[PDB]
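Undergrad: The first sequence begins at 159 in PDB author numbering and counts up one residue at a time.
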Amino acid sequence: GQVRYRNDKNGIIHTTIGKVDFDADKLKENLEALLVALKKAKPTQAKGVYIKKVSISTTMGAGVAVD
RNA sequence: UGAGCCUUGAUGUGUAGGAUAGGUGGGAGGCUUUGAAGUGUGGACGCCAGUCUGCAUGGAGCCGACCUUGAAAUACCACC
Numbered sequence: 159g160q161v162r163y164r165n166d167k168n169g170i171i172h173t174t175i176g177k178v179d180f181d182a183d184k185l186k187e188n189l190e191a192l193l194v195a196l197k198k199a200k201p202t203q204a205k206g207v208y209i210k211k212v213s214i215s216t217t218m219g220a221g222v223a224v225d
């Protein structure tokens with residue numbers, strides 16, 4: 159559907175993607191969609207590396223990032 | 001004995017509140033015989049009210065959005 163969020167003052171944001179029933183392909187497409195979304199807003203004031211760690215977790219799962 | 005690093009924990013009050021509300025969103029139920037509340041103790045922290053925990057009984061109960069609260073569960077889960 160639609161999702162919108164505002165990053166934390168500490169430079170980190172958490173986002174709801176959907177129900178974990180979705181498969182890995184859905185997770186990956188949503189991840190890349192939001193990645194491009196935030197890379198559009200990537201401003202000049204943001205120097206150097208931008209995507210540090212997108213720690214995806216769940217109600218009973220650990221938080222891990224991707225490339 | 002410093003400087004950090006990774007990991008594990010404890011640490012977080014104007015007060016609108018059942019209250020020592022750190023951003024998060026985890027989504028409405030988790031934790032619990034891998035043992036509950038409720039009781040007799042070691043506590044340090046202590047915004048002297050409250051957090052946590054080993055020991056002994058209990059070992060089946062507390063916490064829900066609950067009732068609010070500008071900011072809600074602090075059921076868990078991770079991140080910071």
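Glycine residues also receive a C-beta, built at the ideal position from the N, C-alpha and C atoms.
Please state the DSSP three-state secondary structure of residue 222.
TA: Against the first sequence, residue 222 aligns to sequence position 64. If DSSP states are grouped into helix, strand and coil, residue 222 belongs with the strands.
Undergrad: So which of 220, 225, 215 has the shortest CA-CA distance to residue 172?
TA: Indexing the first sequence from 1 puts residue 172 at position 14. Of 220, 225, 215, the residue nearest in Cα terms is 215.
Undergrad: Out of curiosity, what's the CA-to-CA distance linking residue 220 and residue 178?
TA: As a working mapping, residue 220 is identified with position 62 in the first sequence. As a working mapping, residue 178 is identified with position 20 in the first sequence. In this structure, the CA atom of residue 220 is about 14 Å from the CA atom of residue 178.
Undergrad: Extract the residue ranges of the alpha helix (DSSP H) inside the stretch 182-217, only unbroken runs of 4 or more that lie entirely within it.
TA: 182-199
Undergrad: Is it the case that the Cβ atoms of residue 185 and residue 209 are separated by a distance below 8 Å?
TA: The residue you call residue 185 lines up with position 27 of the first sequence. The residue you call residue 209 lines up with position 51 of the first sequence. No, Cβ-Cβ distance for residue 185 and residue 209 is not below 8 Å.
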